[PDB]
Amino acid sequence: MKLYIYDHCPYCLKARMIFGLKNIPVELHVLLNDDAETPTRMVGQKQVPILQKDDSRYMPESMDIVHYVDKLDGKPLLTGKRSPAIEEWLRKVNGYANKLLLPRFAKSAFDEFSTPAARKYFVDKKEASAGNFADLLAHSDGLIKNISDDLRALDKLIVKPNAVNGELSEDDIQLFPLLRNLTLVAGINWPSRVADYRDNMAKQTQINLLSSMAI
């Protein structure tokens, strides 16, 4: 199977997670952020992730790909209970996390931004939507405090470092991509239980953390 992604893309990360959790090999391909032609040939419009199944057919939609791959061997892993507290925490943190992440993604060495035009495409589309990146970056100190404090709240909710609610669930697929991308943010104070969850899920999923290029 092949997965066509952006490295920063949280939807893409959800799809990458399930391959890692199931120990199913997959060939990753990072598309340039401005490449409409390639995803359009596969699924009809520019979007990632895109799965190429072992029958060569292409499938879009992270939700569909996650559940397709989880069921492949008739042994689904995503069986644990959902947590309203975790889901509510994610809604709260998603209220502002992109104010930190988008301007940092635009300055980072992800392969989807490896041409100038791709990087400019991202900046032009996301500034229009999120607002002036300079202004967002000038507000970093408050935003970094807010996420450090929110992670202190999450610390008390993590049941096991291998599964947020104790058994692997839909909530791990929603939580880990956010925690992975937040390792790009220099200055966050990571509590112990959250750092262990983040590291264990990075190891299980075989998805890299971003500490080495944090800004």
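The first residue of the sequence shown is number 1, and the count goes up from there.
Two stretches are in play, 2-10 and 206-214, and the higher mean C-alpha B-factor belongs to 206-214. The deposited model assigns a higher average Cα B-factor to 77-85 than to the other stretch when 77-85 and 107-115 are compared.
Comparing the listed residues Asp171, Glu61, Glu167, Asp149, the entry records the largest Cα B-factor for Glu167.
Taking only the listed residues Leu32, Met42, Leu178, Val159, the entry reports the highest CA temperature factor at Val159.
For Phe133, the recorded CA temperature factor ranks within the highest third of the chain's modelled residues. In this PDB entry, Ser56 carries a Cα temperature factor that places it within the highest third of its chain's modelled residues. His139: CA B factor in the middle third of modelled residues in this chain (values from the PDB entry).
Remark: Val194 belongs to the lowest third of its chain, ranked by C-alpha B-factor as recorded. Ranked by C-alpha B-factor against the other modelled residues of its chain, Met201 falls in the middle third.
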